[PDB]
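Every heavy atom of this structure was used, including side-chain atoms; hydrogens, water molecules and symmetry mates were not. Nothing fancy with the numbering, it's 1 onward along the sequence.
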Amino acid sequence: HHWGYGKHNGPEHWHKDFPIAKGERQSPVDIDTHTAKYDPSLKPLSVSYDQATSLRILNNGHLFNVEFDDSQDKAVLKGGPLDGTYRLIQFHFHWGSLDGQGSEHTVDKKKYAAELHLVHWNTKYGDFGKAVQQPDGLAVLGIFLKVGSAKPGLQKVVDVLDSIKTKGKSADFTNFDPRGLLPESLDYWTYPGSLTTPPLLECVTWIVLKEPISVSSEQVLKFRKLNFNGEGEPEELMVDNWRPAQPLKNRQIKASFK
Ligand SMILES: [Hg+2]
Ligand SMILES: [Zn+2]
């Protein structure tokens with residue numbers, strides 16, 4: 001029936017319902033640090049999240065999304081490789097069943113335990129739905145998570161997971177500050193790509209941060225307790241919801257640092 005991450009409906013089958021899966025600018029990709037072009041003209045990233053307004057958290061059967069009020073420039077991203085302002089609409093994670101896998105992008109083939117995606121849309125286009133019709137409609141900030149010490153700013157999220165265990169459940173999730181999930185440095189790699197889940201639209205300017213954040217093993221364990229299934233159905237743990245690296249093709253990865 002529909003898409004997932006299993007043997008019968010996983011990433012390798014996606015092309016049947018979404019032909020763009022085999023397109024020219026698909027994500028994720030492996031970041032070869034020795035081939036990435038240092039670009040001195042890349043301006044510093046500008047993350048203005050002081051007015052961020054979170055609204056809800058929801059398990060959609062594939063992963064969980066924390067949604068934000070994007071009716072005004074409350075939480076925006078600009079600078080870096082971007083032209084114009086991009087509004088934060090939601091953030092989600094991709095993780096593995098084990099600590100050695102989970103991230104979508106890899107750095108010199110290295111896989112992290114998880115990857116956080118903060119999705120933004122170009123205000124120039126009015127709304128998210130119109131933004132996904134443009135080659136520069138979206139900007140996703142990717143942050144790697146590695147297992148180590150606990151991330152205080154992630155605990156609020158971890159605590160609420162019990163209430164949205166199954167597919168379709170949602171919970172109010174207000175007053176959450178996304179600044180607590182940012183690493184110290186804002187150095188990054190950037191390249192043009194796509195969303196990593198169907199519809200796999202090629203509308204994304206990826207900004208992948210060099211420095212990962214650390215979360216405890218207990219924090220990641222909570223992620224693995226979520227369910228792909230809806231309430232009452234046989235239990236399928238939500239793990240390994242990541243897409244493998246796609247061919248880079250006619251693309252260049254640029255770094256904002258040396
Ligand atoms: Hg697009
Ligand atoms: Zn994602």
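- Without hydrogens or angle criteria, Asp108 side chain to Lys110 main chain gives no donor-acceptor distance under 3.5 Å.
- Side-chain atoms of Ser214 do not come within 3.5 Å of backbone N or O of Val147 as any donor-acceptor pair.
- Of the possible donor and acceptor atoms, one in the side chain of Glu211 sits under 3.5 Å from a partner among the backbone N and O of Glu184.
- Remark: side-chain polar atoms of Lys130 are not paired, donor with acceptor, to backbone N or O of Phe128 under 3.5 angstrom.
- Applying the side-chain contact (heavy atoms from CB on, under 4.5 Å) test between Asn227 and each of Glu235, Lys169, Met238, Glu236 identifies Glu235 as the sole match.
- Hydrophobic cluster membership is shared by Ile164 and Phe91, with clusters built from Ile, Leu, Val, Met, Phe, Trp and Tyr side chains linked at under 4.5 angstrom.
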- Query: Step by step, would you call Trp121 with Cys203 a side chain to side chain contact (heavy atoms under 4.5 Å, CB included)?
  - Reply: CA-CA 10 Å; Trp121 57 272; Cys203 169; over 6 Å; no
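- Between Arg243 and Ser194, the shortest heavy-atom distance links the atoms NH1-OG, 4.4 Å.
- Residue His105 is tested with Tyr112, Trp189, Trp242, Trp206 for a ring pair (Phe, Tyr, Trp, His ring centres under 6.0 Å); the sole match is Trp206.
- The 12-atom threshold is exceeded at CD of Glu233, counting heavy atoms of other residues, nucleotides or ligands nearer than 6.0 Å.
- Criterion: ILVMFWY side-chain heavy atoms under 4.5 Å apart, direct or through other members. Under it, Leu181 and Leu58 are not part of a common hydrophobic cluster.
- The 12-atom threshold is exceeded at NZ of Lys249, counting heavy atoms of other residues, nucleotides or ligands nearer than 6.0 Å.
- The two residues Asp30 and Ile253 come nearest to each other via the heavy atoms O-CD1, 3.8 Å.
- Contact annotation: the side chain of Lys111 approaches that of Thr106 to within less than 4.5 Å [non-hydrogen atoms, C-beta and beyond].
- Scanning both residues, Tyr86 and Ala139, for their nearest heavy atoms gives CD2-CB, 3.5 Å.
- Scanning both residues, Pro192 and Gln252, for their nearest heavy atoms gives CD-O, 4.5 Å.
- Remark: side-chain polar atoms of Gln133 are paired, donor with acceptor, to backbone N or O of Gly129 under 3.5 angstrom.
- Because its NZ or CZ atom is both nearer than 6.0 Å to the ring centre of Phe257 and within 45° of the ring axis, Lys210 counts as a cation-pi partner of that residue.
- Atom CG in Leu186 sits 9.0 Å away from atom OG in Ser256 (nearest 0.5 Å).
- For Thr190, the side-chain contact (heavy atoms from CB on, under 4.5 Å) partners are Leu42, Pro81, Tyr188, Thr205, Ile207, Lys254, not counting sequence neighbours.
- Within the 4.5 Å cutoff, side-chain heavy atoms of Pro183 are placed close to those of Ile143.
- Atom OH of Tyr191 sits about 6.0 Å away from atom CZ of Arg251, to the nearest 0.5 Å.
- Residues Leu200 and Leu195 are not in side-chain contact: their nearest non-hydrogen atoms beyond the backbone lie 4.5 Å or more apart.
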- Stepwise side chain to side chain contact (heavy atoms under 4.5 Å, CB included) check, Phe93 with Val215: CA-CA 13 Å; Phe93 299 86; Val215 301; over 6 Å; no
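- Of the listed residues (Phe223, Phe228, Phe173), just one forms a ring pair (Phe, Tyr, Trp, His ring centres under 6.0 Å) with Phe64, and that residue is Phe223.
- Not a single donor-acceptor pair under 3.5 Å links the side chain of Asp70 to the backbone N or O of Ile89.
- Residue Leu45 holds its CG atom at 9.5 Å from OG of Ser185, rounded to the nearest 0.5 Å.
- Judged purely by atom type and a 3.5 angstrom limit, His117 has no side-chain atom pairing as donor or acceptor with the backbone of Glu115.
- Placement of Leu118 and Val66 within a single hydrophobic cluster is found when ILVMFWY residues are connected by side-chain heavy-atom separations under 4.5 Å, directly or transitively.
- Within the 4.5 Å cutoff, side-chain heavy atoms of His94 are placed close to those of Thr196.
- Contact check for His92 versus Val119: side-chain heavy atoms found under the 4.5 Å cut-off.
- Judged by distance alone, with hydrogens and angles left aside, the side-chain atoms of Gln219 form a donor-acceptor pair with the main-chain N or O of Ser216 at under 3.5 Å.
- Annotation: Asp127, atom CG; neighbour count of heavy atoms from other residues, nucleotides and ligands within 6.0 Å is above 12.
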Just list the side-chain donor-acceptor pairs under 3.5 Å for residues 2-9, sequence neighbours left out, or say none.
from, atom 1, to, atom 2, distance (Å)
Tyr5, OH, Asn241, O, 3.4
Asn9, OD1, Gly6, N, 2.9
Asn9, ND2, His2, O, 3.2

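- When hydrophobic clusters are built by joining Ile, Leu, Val, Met, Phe, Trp and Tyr residues whose side-chain heavy atoms come closer than 4.5 Å, directly or via intermediates, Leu63 is not grouped with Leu226.
- The CZ atom of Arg87 sits 10.5 Å away from atom CG of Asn122, with the distance rounded to the nearest 0.5 Å.
- The 12-atom threshold is exceeded at CG of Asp50, counting heavy atoms of other residues, nucleotides or ligands nearer than 6.0 Å.
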- Task: Kindly determine whether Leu141 and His120 satisfy side chain to side chain contact (heavy atoms under 4.5 Å, CB included), including the steps that lead there.
- Result: CA-CA 8 Å; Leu141 188 55; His120 310 72; 4.2 Å; yes
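- Between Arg224 and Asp99 there is a salt bridge, with a side-chain nitrogen of the basic residue lying less than 4.0 Å from a carboxylate oxygen of the acidic one.
- Under the 4.0 Å criterion applied to side-chain N and carboxylate O atoms, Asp177 and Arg179 are assigned as salt-bridge partners.
- A salt bridge is absent between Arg25 and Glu202: the closest approach of a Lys/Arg side-chain nitrogen to an acidic carboxylate oxygen does not fall below 4.0 angstrom.
- Using a 4.5 Å heavy-atom cutoff, the side chains of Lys222 and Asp162 are not in contact.
- Side chains of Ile213 and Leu182 form no contact here, defined as non-hydrogen atoms less than 4.5 Å apart.
- A donor-acceptor contact shorter than 3.5 Å is absent between the side chain of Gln90 and the backbone of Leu88.
- Of all non-hydrogen atoms in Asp240 and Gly96, the two that sit nearest each other are OD1-CA, 3.2 Å.
- The two atoms that bring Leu138 and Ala131 nearest to each other are CD2-CB, 4.3 Å, heavy atoms only.
- Under the 4.5 Å side-chain heavy-atom criterion for grouping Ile, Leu, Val, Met, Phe, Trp and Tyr, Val132 is connected to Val204 within one hydrophobic cluster.
- Residue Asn250 qualifies as open at atom CG: its count of foreign heavy atoms under 6.0 Å is 12 or below.
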- Walk me through it: do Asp69 and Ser71 pass the test side chain to side chain donor-acceptor pair (under 3.5 Å)? CA-CA 6 Å; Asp69 166 40; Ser71 60; 2.8 Å; yes
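- Counting only N and O atoms by type, the side chains of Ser46 and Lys78 include a donor and acceptor under 3.5 Å apart.
- To the nearest 0.5 Å, the span separating CG on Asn59 from CG on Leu161 amounts to 9.0 Å.
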- Task: Check the pair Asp83, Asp136 against side chain to side chain contact (heavy atoms under 4.5 Å, CB included), reporting the backbone distance first and the verdict last.
- Result: CA-CA 9 Å; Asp83 286 306; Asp136 61 343; over 6 Å; no
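- Taking the six-membered ring for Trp and the full ring otherwise, the centers of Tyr49 and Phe68 sit at least 6.0 Å from each other.
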